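The structure appears right after this line, and notes come after that.
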Amino acid sequence: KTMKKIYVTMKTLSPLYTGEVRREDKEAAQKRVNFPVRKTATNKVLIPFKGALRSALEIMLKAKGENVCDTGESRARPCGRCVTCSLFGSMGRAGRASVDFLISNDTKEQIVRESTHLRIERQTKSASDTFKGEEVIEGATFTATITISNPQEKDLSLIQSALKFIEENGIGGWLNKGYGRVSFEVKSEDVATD
Amino acid sequence: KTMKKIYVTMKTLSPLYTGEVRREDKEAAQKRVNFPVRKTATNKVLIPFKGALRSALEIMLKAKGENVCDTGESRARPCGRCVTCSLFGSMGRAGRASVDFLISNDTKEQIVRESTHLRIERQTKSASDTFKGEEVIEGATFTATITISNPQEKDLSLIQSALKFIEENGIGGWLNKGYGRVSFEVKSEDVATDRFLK
Amino acid sequence: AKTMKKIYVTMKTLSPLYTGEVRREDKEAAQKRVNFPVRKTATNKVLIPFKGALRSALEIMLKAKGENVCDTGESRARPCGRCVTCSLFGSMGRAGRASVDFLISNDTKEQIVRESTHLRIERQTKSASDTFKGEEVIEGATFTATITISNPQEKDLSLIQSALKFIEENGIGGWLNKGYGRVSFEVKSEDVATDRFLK
Amino acid sequence: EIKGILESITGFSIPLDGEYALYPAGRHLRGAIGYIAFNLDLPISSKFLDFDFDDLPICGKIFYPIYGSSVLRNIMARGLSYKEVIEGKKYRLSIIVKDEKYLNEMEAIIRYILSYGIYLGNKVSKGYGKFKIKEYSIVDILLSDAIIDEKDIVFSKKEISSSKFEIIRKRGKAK
Amino acid sequence: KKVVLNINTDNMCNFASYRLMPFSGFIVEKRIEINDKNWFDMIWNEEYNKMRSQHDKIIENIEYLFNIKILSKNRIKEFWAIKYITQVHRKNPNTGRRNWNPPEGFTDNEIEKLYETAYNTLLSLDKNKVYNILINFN
Amino acid sequence: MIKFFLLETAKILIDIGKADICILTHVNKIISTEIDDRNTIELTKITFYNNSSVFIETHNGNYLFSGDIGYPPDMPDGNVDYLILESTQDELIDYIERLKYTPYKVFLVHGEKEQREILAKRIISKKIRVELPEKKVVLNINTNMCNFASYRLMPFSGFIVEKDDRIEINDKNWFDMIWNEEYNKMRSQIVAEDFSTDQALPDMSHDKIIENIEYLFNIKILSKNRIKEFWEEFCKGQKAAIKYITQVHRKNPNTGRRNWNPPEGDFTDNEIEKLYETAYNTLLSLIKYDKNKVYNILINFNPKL
Amino acid sequence: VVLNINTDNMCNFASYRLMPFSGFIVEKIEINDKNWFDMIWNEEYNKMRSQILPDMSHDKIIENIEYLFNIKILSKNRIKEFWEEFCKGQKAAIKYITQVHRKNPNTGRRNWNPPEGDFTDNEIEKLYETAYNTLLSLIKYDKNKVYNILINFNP
Ligand SMILES: [Zn+2]
Ligand SMILES: [Zn+2]
Ligand SMILES: [Zn+2]
């Protein structure tokens with residue numbers, strides 16, 4: 001058979017935030033910044049890339065008119081039959097898409113910066129609270145490769161449409177405040193035995 | 001099944017100042033200017049836009065008499081039942097209006113100039129303090145895209161009214177000194193979410 | 001509150017008017033032609049700082065009257081936050097209610113701004129020791145601003161009008177000692193509702 | 001026999017009993033190499049289906065049963081809570097080849113790893129457990145957990161194309 | 001006294017029949033090398049961190065404090081000591097603000113009184129006795 | 001516009017993707033002779049004319065694709081703006097000349113170089129312009145001209161810069177300006193002995209340093225930003241802290257001011273100068289101690305640093 | 001690879017001898033500075049078009065600049081403008097200093113700031129020529145030393 005390999009290179013046009021999950025490094029960072037960026041031991045930054053793709057395809061496929069799940073919504077366990085359950089996986093069956101974490105091509109000492117955020121009263125118009133959160137600069141190029149096993153004809157188009165939905169909505173956190181408006185360059189390849 | 005994409009172009013009628021957020025960039029700039037502007041690493045100007053719209057709508061809806069909460073006082077939580085709570089987000093429910101940053105079309109050498117600002121003694125009329133601050137020129141244009149998911153009927157009206165409030169008050173910093181008086185132009189477009197699914 | 005005060009201020013210039021250019025690139029681009037450029041917009045109009053002139057005027061008159069008004073003109077001085085000017089223009093704790101605009105002119109630079117020549121006459125010998133060319137704004141030029149008070153009190157229009165008469169008395173900006181900046185003001189205020197734009 | 005160095009690009013998590021494994025075992029290596037054989041449709045993937053076919057952190061010397069648990073970090077997701085090892089570390093690869101029939105197939109598997117990579121641990125489709133090869137070749141060939149008739153050893157055989165998970169729980173010696 | 005180049009030779013441009021690329025970096029000497037600004041970010045931070053290397057009434061009080069969300073699971077989790085309560089109670093003299101969560105729904109002197117009540121309650125609080133009552137607040 | 005034929009406004013193809021193809025002689029829909037000649041269709045009013053021609057009346061521009069011409073042809077009697085003509089010679093001339101409202105620009109296509117050049121020269125001598133075919137917008141920011149070999153020419157060597165929306169053309173003044181800016185940024189990154197060997201100071205006790213620092217923290221001379229920058233300049237060595245406190249305490253001879261924050265109080269000038277030199281001597285005695293001792297000194301006033 | 005820059009002004013950050021250095025990596029693999037570029041650029045700027053100083057010691061310069069700064073002949077404004085004219089090349093700084101020093105035959109004035117202090121006219125002319133010779137010798141040095149001289153006076 002054949003396998004699909006999709007290389008995504010990611011250029012952020014807006015700043016990007018993704019909160020750090022490691023409790024040890026969070027409490028090591030919560031004495032200097034209150035919202036640390038998700039980082040590595042290699043001092044790189046990775047973004048969760050899978051649930052953004054799955055959510056993009058799920059909203060688009062639900063609103064166009066087919067049968068898909070909701071997922072990530074309390075006890076919305078996957079059905080195992082829909083297009084998203086084939087592509088990105090289900091509970092009983094296994095995923096056909098192995099979507100990597102979006103590793104940045106640069107280190108944290110050149111694209112990740114501490115930044116100031118505020119909360120300002122509406123009658124006095126003065127800064128009531130502040131907090132330090134890290135963020136990823138604009139133009140920082142992230143790199144991932146996703147791997148699709150047993151592809152259909154509507155596989156590259158679906159991943160492309162979900163990627164364009166990510167360029168609209170955003171990736172990471174603080175999406176409503178403007179963080180994460182990024183762009184994707186895509187390169188596709190089909191590999192076989194030998 | 002529907003979104004409301006609003007394309008906002010904003011032109012500065014007054015010189016515009018917003019403040020640099022990044023600490024490293026700021027101490028790189030504090031050797032030349034005491035007040036740098038918020039800039040990208042793509043050398044473009046950055047303006048926060050969600051808080052200005054939310055503050056405008058909260059002030060106007062509190063003045064009208066609707067039961068809209070104040071997310072501006074210290075560590076106050078959104079209640080989750082107001083029009084602004086549904087539009088820009090509560091603690092439980094996320095924000096329906098995904099407000100983009102106000103990205104300038106030009107870069108820093110075109111529209112950002114450093115400036116001399118003074119403090120003058122009231123008697124003796126002499127320049128007592130001096131400081132340099134970067135500011136954005138008049139006539140510079142900025143672009144934002146507000147995406148409203150599950151759009152109600154009044155969302156365009158409330159967003160346009162908030163933009164008129166930002167026209168009358170200002171955006172950014174130094175608002176009492178005359179900075180940041182702008183003018184907005186709105187091109188709304190009703191959008192099906194499945195447009196990318198070709 | 002539910003009401004806001006809008007004071008539309010119209011300036012007619014009676015003497016020559018100068019306010020020096022503050023942008024370093026524009027000033028350095030103008031020093032090859034004039035030694036004193038006018039503070040000018042990128043849309044070729046003229047802007048004047050207005051909040052500091054009103055605050056300086058009100059602080060001088062209220063200090064003369066005997067009120068407990070701070071001097072924020074001293075070197076790195078902090079406003080206390082209890083003065084009337086602290087309530088109007090601002091303090092370090094809370095922002096001011098009055099939102100004063102720049103005085104943008106109603107005409108473009110080629111119509112109101114002229115390039116003039118000043119000298120330094122030596123006391124004996126009556127000769128031109130030094131000679132410098134500076135830009136100025138002509139008489140009869142009209143400027144406009146909007147002072148926006150968010151929480152109006154009863155003494156906000158009166159103090160703004162008194163500060164405007166003081167600015168008429170002493171001059172708005174630049175070379176006030178040589179006779180520049182003597183201007184006149186028309187005031188048309190209106191208390192507008194805060195929820196006006198919602199409809 | 002294949003000596004090699006596996007450098008972790010992304011962190012990995014293997015639950016145990018909620019204890020975790022500081023280093024991946026050869027069990028996950030065998031399972032992932034079997035997925036490499038199956039997805040590229042090599043015949044030796046059938047040999048990966050049976051339990052027996054009979055064919056470590058890295059000082060260049062590999063460690064022996066100080067690494068320690070300090071490598072483990074607690075991670076809280078959207079609602080999930082687990083722990084993982086950090087990346088950026090060189091690990092040992094020793095694929096012992098005992099037959100000449102499947103040596104070329106194993107070398108082809110290793111070449112596919114050298115082109116793209118190999119996934120070891122939980123949440124493979126989420127990107128966890130990336131392992132890049134750094135060095136490899138071919139050489140001439142207690143310390144790990146050994147089964148002898150004890151400590152609980154749990155290994156699993158999720159057969160693909162049958163949709164069956166069964167987690168074998170046996171007893172064995174301690175390294 | 002040799003010369004090694006640690007700058008990327010990628011993005012090579014052509015001018016005056018000449019291969020060239022304008023760069024802005026640091027000349028380092030111990031060999032003489034040309035390291036990019038990144039080598040200088042690794043060094044500065046490196047050394048900067050190196051420099052860095054050298055029963056009823058009180059239970060009723062948490063029962064009332066939990067309903068108004070001044071004492072959230074975000075508090076008792078960090079509780080589970082006197083320096084931390086003093087840091088949380090520390091009113092900054094320049095802005096007049098404690099690190100406590102504000103109550104929901106109250107005059108200013110009342111909110112100051114419940115801040116003092118929360119301080120007195122968590123100051124009054126064996127480790128097993130600390131492990132009880134807080135388990136019912138999660 | 002037409003790309004070499006795809007003519008957007010849509011993306012209608014005349015004889016690629018998302019198109020309404022119209023084949024010639026001599027996608028989503030294929031339009032050919034169904035509609036015969038003399039009949040109009042909509043999609044942009046499209047009308048076909050017999051050759052022995054596609055006529056698209058759009059909102060801006062009325063485009064005519066001719067096709068191969070062999071015999072009197074058939075031409076529209078309306079208004080033509082662009083005339084796409086094949087060239088592979090007098091037959092094309094009158095086909096152009098006998099058409100009312102002669103087009104703005106004609107296009108030559110499907111031929112070699114010599115025949116297209118000869119026909120192009122024949123059409124410039126008829127006073128109709130030609131185009132001879134073989135994306136970020138580009139901006140000349142330049143400013144002298146020449147007339148060599150009947151081309152208006154300028155000898156210029158420069159730089160091309162590529163942003164996300166445009167590509168600009170700049171001269172050496174822009175490169176000099178950005179080089180001076182980057183040289184100023186590079187030289188403001190280092191001081192000669194940062195983070196180096198530890199380097200003529202007054203000495204004072206620890207309790208007096210506590211008393212003086214507390215007294216200049218109550219009144220606003222030694223503040224949190226002052227302690228923050230003092231600790232940051234102390235981290236990069238002893239001489240850096242010496243230079244920082246000499247820069248802060250420096251009285252300008254032209255204005256008579258120092259970089260200390262003025263005290264909050266009713267002190268007279270001599271007492272304010274005594275407090276300024278008290279701050280200078282107190283921090284000079286503070287640079288003597290070890291780093292952990294100074295950290296224990298300054299954590300009680302600035303908890304961040 | 002051969003560096004074509006002399007490694008002076010060389011700061012001491014720990015055990016890492018250091019220089020901030022801007023330049024071009026020519027792969028002819030030579031590393032030249034901006035000066036080679038200007039001599040390159042004017043090269044094409046005369047080629048394509050065709051196809052269609054006194055000596056002063058470094059101690060004497062800093063002593064003279066200190067003396068003229070004390071009597072305000074060499075102001076901060078003057079040192080800054082000389083620095084911007086020196087950054088544009090040696091010839092532009094030569095022309096600027098010649099313009100500043102030039103005695104106008106009509107007015108009899110020079111563009112230097114007059115000295116602060118009781119001086120006789122001959123000594124004032126000597127101070128003007130001292131400023132001319134000192135800055136004319138400052139054009140001769142390379143940029144990194146001419147900033148390290150002028151950083152002490154106009155930060
Ligand atoms: Zn499903
Ligand atoms: Zn609410
Ligand atoms: Zn006050």
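Naming works like this for the structure tokens: A, B, ... for the chains as they're shown, residue 1 at the start of each chain, ligands 1 onward in shown order.
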
Can you pull out the residues contacting residue 55 (chain A)? Cut-off 10 Å, using only C-alpha atoms, and skip same-chain residues under 6 positions away; I want them as a PDB file with N, CA and C atoms, in the first residue's frame.
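The resulting part.pdb:
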```
ATOM      1  N   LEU A  61     -17.546  19.993   8.724  1.00  0.00           N
ATOM      2  CA  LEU A  61     -18.305  18.845   8.251  1.00  0.00           C
ATOM      3  C   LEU A  61     -19.681  18.770   8.890  1.00  0.00           C
ATOM      4  N   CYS A  69     -19.271  13.605  14.569  1.00  0.00           N
ATOM      5  CA  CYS A  69     -19.408  13.786  16.007  1.00  0.00           C
ATOM      6  C   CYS A  69     -19.206  15.256  16.365  1.00  0.00           C
ATOM      7  N   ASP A  70     -19.272  15.559  17.657  1.00  0.00           N
ATOM      8  CA  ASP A  70     -18.880  16.865  18.164  1.00  0.00           C
ATOM      9  C   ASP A  70     -17.474  16.840  18.744  1.00  0.00           C
ATOM     10  N   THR A  71     -17.251  15.971  19.744  1.00  0.00           N
ATOM     11  CA  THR A  71     -15.991  15.600  20.401  1.00  0.00           C
ATOM     12  C   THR A  71     -15.377  16.753  21.200  1.00  0.00           C
ATOM     13  N   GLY A  72     -14.698  16.426  22.300  1.00  0.00           N
ATOM     14  CA  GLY A  72     -14.186  17.423  23.220  1.00  0.00           C
ATOM     15  C   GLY A  72     -15.277  18.216  23.912  1.00  0.00           C
ATOM     16  N   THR A  84     -14.368  12.048  10.358  1.00  0.00           N
ATOM     17  CA  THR A  84     -13.367  12.415  11.357  1.00  0.00           C
ATOM     18  C   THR A  84     -12.885  11.199  12.142  1.00  0.00           C
ATOM     19  N   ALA A 162      -9.157  22.084   6.614  1.00  0.00           N
ATOM     20  CA  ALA A 162      -8.986  22.287   8.047  1.00  0.00           C
ATOM     21  C   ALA A 162      -7.830  23.230   8.348  1.00  0.00           C
ATOM     22  N   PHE A 165      -9.128  26.663   7.773  1.00  0.00           N
ATOM     23  CA  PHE A 165      -9.933  27.031   8.936  1.00  0.00           C
ATOM     24  C   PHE A 165      -9.061  27.413  10.127  1.00  0.00           C
ATOM     25  N   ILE A 166      -7.883  26.796  10.256  1.00  0.00           N
ATOM     26  CA  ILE A 166      -6.967  27.215  11.317  1.00  0.00           C
ATOM     27  C   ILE A 166      -6.384  28.600  11.013  1.00  0.00           C
TER      28      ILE A 166
END
```

Which residues sit within 6 Å of ligand 1, counting only C-alpha atoms and all ligand atoms, listed as a PDB file with C-alpha atoms, in the first residue's frame?
```pdb
ATOM      1  CA  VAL A  68     -19.950  13.720  12.258  1.00  0.00           C
ATOM      2  CA  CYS A  69     -19.408  13.786  16.007  1.00  0.00           C
ATOM      3  CA  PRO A  78     -16.481   9.326  19.021  1.00  0.00           C
ATOM      4  CA  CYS A  79     -18.994   7.329  17.000  1.00  0.00           C
ATOM      5  CA  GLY A  80     -16.472   5.301  15.004  1.00  0.00           C
ATOM      6  CA  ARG A  81     -18.248   5.723  11.661  1.00  0.00           C
ATOM      7  CA  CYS A  82     -17.861   9.321  10.489  1.00  0.00           C
ATOM      8  CA  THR A  84     -13.367  12.415  11.357  1.00  0.00           C
ATOM      9  CA  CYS A  85     -13.410   9.011  13.077  1.00  0.00           C
TER      10      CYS A  85
END
```

Q | Which of region 3-164 of chain A DSSP labels strand (DSSP E), written as number ranges by chain | A | A: 3-12, 46-47, 97-99, 102-104, 112-120, 127-136, 141-149

Show which residues sit within 10 Å of region 56-64 of chain D, as a PDB file with N, CA, C and O atoms, in the first residue's frame. Count only C-alpha atoms, and ignore same-chain residues fewer than 2 positions away.
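Wrote it out as result-v1.pdb, contents follow:
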```pdb
ATOM      1  N   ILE D   5      21.489   5.092  17.973  1.00  0.00           N
ATOM      2  CA  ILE D   5      21.212   6.140  18.950  1.00  0.00           C
ATOM      3  C   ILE D   5      19.879   6.780  18.591  1.00  0.00           C
ATOM      4  O   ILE D   5      19.705   7.277  17.471  1.00  0.00           O
ATOM      5  N   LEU D   6      18.941   6.761  19.536  1.00  0.00           N
ATOM      6  CA  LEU D   6      17.614   7.344  19.357  1.00  0.00           C
ATOM      7  C   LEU D   6      17.539   8.646  20.143  1.00  0.00           C
ATOM      8  O   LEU D   6      17.565   8.632  21.376  1.00  0.00           O
ATOM      9  N   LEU D  22      10.793   5.334  33.076  1.00  0.00           N
ATOM     10  CA  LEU D  22      11.782   6.375  32.815  1.00  0.00           C
ATOM     11  C   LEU D  22      12.349   6.254  31.408  1.00  0.00           C
ATOM     12  O   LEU D  22      12.655   7.262  30.761  1.00  0.00           O
ATOM     13  N   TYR D  23      12.495   5.028  30.921  1.00  0.00           N
ATOM     14  CA  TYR D  23      13.013   4.715  29.601  1.00  0.00           C
ATOM     15  C   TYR D  23      12.087   3.727  28.905  1.00  0.00           C
ATOM     16  O   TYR D  23      11.431   2.919  29.569  1.00  0.00           O
ATOM     17  N   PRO D  24      11.984   3.790  27.577  1.00  0.00           N
ATOM     18  CA  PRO D  24      11.144   2.819  26.868  1.00  0.00           C
ATOM     19  C   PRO D  24      11.794   1.448  26.833  1.00  0.00           C
ATOM     20  O   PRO D  24      13.017   1.313  26.756  1.00  0.00           O
ATOM     21  N   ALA D  25      10.954   0.422  26.883  1.00  0.00           N
ATOM     22  CA  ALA D  25      11.431  -0.946  26.789  1.00  0.00           C
ATOM     23  C   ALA D  25      11.568  -1.360  25.328  1.00  0.00           C
ATOM     24  O   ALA D  25      11.240  -0.610  24.406  1.00  0.00           O
ATOM     25  N   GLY D  26      12.063  -2.582  25.122  1.00  0.00           N
ATOM     26  CA  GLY D  26      12.124  -3.131  23.778  1.00  0.00           C
ATOM     27  C   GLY D  26      10.772  -3.575  23.260  1.00  0.00           C
ATOM     28  O   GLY D  26      10.617  -3.829  22.062  1.00  0.00           O
ATOM     29  N   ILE D  66      23.422   9.581  36.824  1.00  0.00           N
ATOM     30  CA  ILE D  66      22.304   8.816  37.359  1.00  0.00           C
ATOM     31  C   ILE D  66      21.028   9.355  36.725  1.00  0.00           C
ATOM     32  O   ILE D  66      20.743  10.548  36.820  1.00  0.00           O
ATOM     33  N   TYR D  67      20.287   8.475  36.050  1.00  0.00           N
ATOM     34  CA  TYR D  67      19.045   8.866  35.394  1.00  0.00           C
ATOM     35  C   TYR D  67      17.980   9.269  36.410  1.00  0.00           C
ATOM     36  O   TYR D  67      17.562  10.431  36.468  1.00  0.00           O
ATOM     37  N   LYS D  89      17.352  13.739  24.575  1.00  0.00           N
ATOM     38  CA  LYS D  89      18.226  12.790  25.241  1.00  0.00           C
ATOM     39  C   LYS D  89      18.505  11.605  24.327  1.00  0.00           C
ATOM     40  O   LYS D  89      17.632  11.172  23.568  1.00  0.00           O
ATOM     41  N   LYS D  90      19.734  11.102  24.391  1.00  0.00           N
ATOM     42  CA  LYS D  90      20.147   9.985  23.556  1.00  0.00           C
ATOM     43  C   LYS D  90      19.835   8.673  24.261  1.00  0.00           C
ATOM     44  O   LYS D  90      20.149   8.504  25.444  1.00  0.00           O
ATOM     45  N   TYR D  91      19.209   7.753  23.539  1.00  0.00           N
ATOM     46  CA  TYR D  91      18.836   6.444  24.043  1.00  0.00           C
ATOM     47  C   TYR D  91      19.485   5.375  23.171  1.00  0.00           C
ATOM     48  O   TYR D  91      19.905   5.632  22.040  1.00  0.00           O
ATOM     49  N   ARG D  92      19.462   4.139  23.777  1.00  0.00           N
ATOM     50  CA  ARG D  92      20.131   3.000  23.112  1.00  0.00           C
ATOM     51  C   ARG D  92      19.186   2.239  22.193  1.00  0.00           C
ATOM     52  O   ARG D  92      18.008   2.077  22.555  1.00  0.00           O
ATOM     53  N   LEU D  93      19.719   1.827  21.016  1.00  0.00           N
ATOM     54  CA  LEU D  93      18.981   0.994  20.076  1.00  0.00           C
ATOM     55  C   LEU D  93      19.827  -0.245  19.836  1.00  0.00           C
ATOM     56  O   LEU D  93      20.934  -0.143  19.304  1.00  0.00           O
ATOM     57  N   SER D  94      19.312  -1.408  20.225  1.00  0.00           N
ATOM     58  CA  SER D  94      19.962  -2.684  19.938  1.00  0.00           C
ATOM     59  C   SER D  94      18.884  -3.623  19.418  1.00  0.00           C
ATOM     60  O   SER D  94      18.168  -4.255  20.198  1.00  0.00           O
ATOM     61  N   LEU D 142      17.753  -9.733  34.430  1.00  0.00           N
ATOM     62  CA  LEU D 142      19.186  -9.334  34.381  1.00  0.00           C
ATOM     63  C   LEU D 142      19.280  -7.810  34.252  1.00  0.00           C
ATOM     64  O   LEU D 142      19.128  -7.128  35.280  1.00  0.00           O
ATOM     65  N   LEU D 143      19.534  -7.309  33.040  1.00  0.00           N
ATOM     66  CA  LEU D 143      19.637  -5.841  32.809  1.00  0.00           C
ATOM     67  C   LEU D 143      18.233  -5.269  32.611  1.00  0.00           C
ATOM     68  O   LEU D 143      17.966  -4.168  33.121  1.00  0.00           O
ATOM     69  N   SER D 144      17.378  -5.994  31.887  1.00  0.00           N
ATOM     70  CA  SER D 144      15.994  -5.528  31.628  1.00  0.00           C
ATOM     71  C   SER D 144      15.032  -6.337  32.492  1.00  0.00           C
ATOM     72  O   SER D 144      15.513  -7.091  33.355  1.00  0.00           O
ATOM     73  N   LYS D 175      15.212  -6.389  37.233  1.00  0.00           N
ATOM     74  CA  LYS D 175      16.551  -6.064  36.754  1.00  0.00           C
ATOM     75  C   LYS D 175      17.380  -5.363  37.824  1.00  0.00           C
ATOM     76  O   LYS D 175      18.609  -5.346  37.756  1.00  0.00           O
TER      77      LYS D 175
END
```

Q: Step by step, measure atom-to-atom distances between ligand 2 and each residue using only C-alpha atoms and all ligand atoms, keep those at most 6 Å, then write them as a PyMOL selection string.
A: chain B and resi 68-69+78-82+85

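Candidate residues F:251, F:293, F:220, F:163 were compared for distance to chain B, and the nearest is F:163, using only C-alpha atoms.
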
Q | Contacts of region 76-89 of chain G within 9 Å, only C-alpha atoms, excl. fewer than 5 positions in-chain, as number ranges by chain | A | F: 176, 180; G: 35, 38, 69, 94-97, 112-113, 135, 139, 143, 146-147, 150, 153-155
